[PDB]
Structures are given as structure tokens and as C-alpha cells.
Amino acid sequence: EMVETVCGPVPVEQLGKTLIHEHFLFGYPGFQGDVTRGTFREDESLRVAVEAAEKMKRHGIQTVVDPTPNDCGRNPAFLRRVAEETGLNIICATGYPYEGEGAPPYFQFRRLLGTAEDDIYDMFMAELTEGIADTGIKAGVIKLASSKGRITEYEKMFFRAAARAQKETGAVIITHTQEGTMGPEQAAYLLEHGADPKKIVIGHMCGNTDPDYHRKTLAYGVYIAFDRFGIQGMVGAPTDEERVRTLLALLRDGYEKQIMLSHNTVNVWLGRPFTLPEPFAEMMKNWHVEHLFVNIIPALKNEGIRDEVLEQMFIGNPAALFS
């Protein structure tokens, strides 16, 4: 009935229109060592974050889930300044990135000692039920991630921990899948360990353009997220055209109570600034929090999709997810 946000418990009935996967801040593990040339600029990162919040608000969004992993710049007090300022509900995560874009040494060492999976459980339970650091903020979701073509033995520790914490807390799990692989594998493995499919979102499912792969994942009763709209031409991601063609096929099959959409924006990169070459930079040009509402959703409406299907995905599914 309630979900923990960066501003404390909010009734699930009041979450409203929700973007299921956006980052206000994100840094790739390793950004911490580049502090000298990549200092966190708090005032300017707040104004950009707050502006992103305002743009989402102009398209009706009342709630963002920000699943930034723990060592990737997750900053609950920062998110609370965004939420206090804009009135947006923001739900944060507890979780670690996949091995390929992570820093596994800390928990690999604890796996050597035989305490890793229990330690991850402990962290999940502390941040879900007591709070993150001294912020007073509980994560509302557990974030999981797997590698391309594999859920590594390291990653499996987090999956089992997440299942155990879900059984005890009822917390929503949100996953990352790499390059359109392991959707069905994630669902089956979470279910193996007693996780509840009604509380699981298998993410980055737009990374795969075969509706059969999607159906194999949906068959577990989990949600799937087409959560990378705008990301085109980079690290294996397909085009928004193929995302839409895949989604339309799922919607015409009646799967809208299982689908949620997002962009996976990074509104403020942590570490040193960068610029993409315009081959990439012009194809990444629609990767912003308004893209679903200015480019994608209208196109869907012009291909048959009704308002009540959109409301199911943006409003009904989050409400069901968190309750």
C-alpha cells in the first residue's frame, strides 16, 4: 500500500504516471578515481536534475524509479533535493552493476571468505528496511544486472540475495539485461529461488528484437521494460524503429499489462565530461526524458494504440507492480 521514496513512504495509489528507469546521476565504476578532473558539481547537477524533473512533469510524470547501482553514483540525499524541489516522487534502488561494467573485486573478495551472498542480503535488507547510509532514505527497489549471454557466478550471488530479501520484504526487483540476452534466464532463475513474478521487472528487454524472446520472458508472469528508448547505435542497442516494431507486436498480442517503457537517461554523468562523435551523437540525439512523449508515444497512437493501453503501461503497471 506504501512504497519508500526519497521523501519517505508514498501510497502506491498516488504514484500515478511513472517512468520505470531513468538516472538523475550515473557514473561508470571507476569514475571515483578521476575526482581531480571529474569533480561532482553539486549546484549545476541539481539544476539539470531539477530541469529533467520539470520536463518529465510537463508530460504528466509524477514518479520516477532511479535504479542507479550503489557504486555508480547513487545519491539518495541528492535525489531528495530533486524531489523536495519539484514534488516528483523518486524511488531509488539497492543493487550492484553487472560484472562487465562493474567493480566486482570487493564482493569477489568476500566470496572468497564465504560471506558474500549473506553480506549482499544484509545490505539489501538494511537499505530496504532501515535506510541508505545516514540519509534516512530506503530503497524501494532491488536492482539486479547480468552480463551478455551469461548470468555469472558473481552476479548469481546478487540474484539469490535479491530473492531472499524479496521473500522477506516484498520488494520490487528491477533488472538490467545486457545486449538483449538472458531475459528468460533471469526470470527462471529468480523464480527458481522463490521470487514473485508479479514483483519483477526484466529490464532492457528492448535490446532484443525477436518477439519470441519477449514472449519467453513474459511467459514467467514478470514485467518487461522497453526502457532504453533513444539509445541507438551504441554497444549493441537496436534502433527505436525496431523497439517500436517489437513493442507493437507485443501490444497487438495483448501483453500491455506486463510492459513498461522508459529511456534509461543519464541526466548528469559523473566523472569527467565527454562528447560523442556525431555519428553516434546524432543517433543518440533523442536520448532525453521527453522522447517517449514527443516522438514515440504519438507514433504508437498513429499505429493503433489507444489511450487506455498507454495508461495501463504508464499508470496501471507501476501501481500493480508496487502493491
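Residue numbers here begin at 1 and follow the sequence given.
Mean temperature factor over C-alpha atoms, higher-scoring stretch between 151-159 and 112-120: Between 112-120 and 151-159, it is 112-120 that shows the higher mean C-alpha B-factor.
Output the stretch having the higher mean C-alpha B factor in the entry; the candidates are 210-218 and 163-171. Higher mean C-alpha B-factor in the PDB entry: 210-218.
Criterion, highest CA B-factor; candidates, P69, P277, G271, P29: Reading the PDB entry, the winner on C-alpha B-factor is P277.
Among the candidates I259, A49, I297, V65, give the one with the maximum CA B-factor reported in the record. Largest recorded C-alpha B-factor: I297.
Would you please rank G304 by its C-alpha temperature factor against the other modelled residues of its chain and give the third it falls in: lowest, middle or highest? Answer is highest: the recorded C-alpha B-factor places it there.
Divide the modelled residues of the chain into thirds by Cα B-factor and specify which third, lowest, middle or highest, holds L25. Bottom third by C-alpha B-factor.
How does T39 rank on Cα B-factor within its chain, lowest, middle or highest third? For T39, the deposited C-alpha B-factor lands in the highest third.
Would you mind checking where the Cα B-factor of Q232 ranks among the modelled residues of its chain, as the lowest, middle or highest third? Highest third.
Ranking every modelled residue in this chain by its Cα temperature factor as given in the entry, which third contains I132? Ranked within chain, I132 CA B lands in the lowest tercile.
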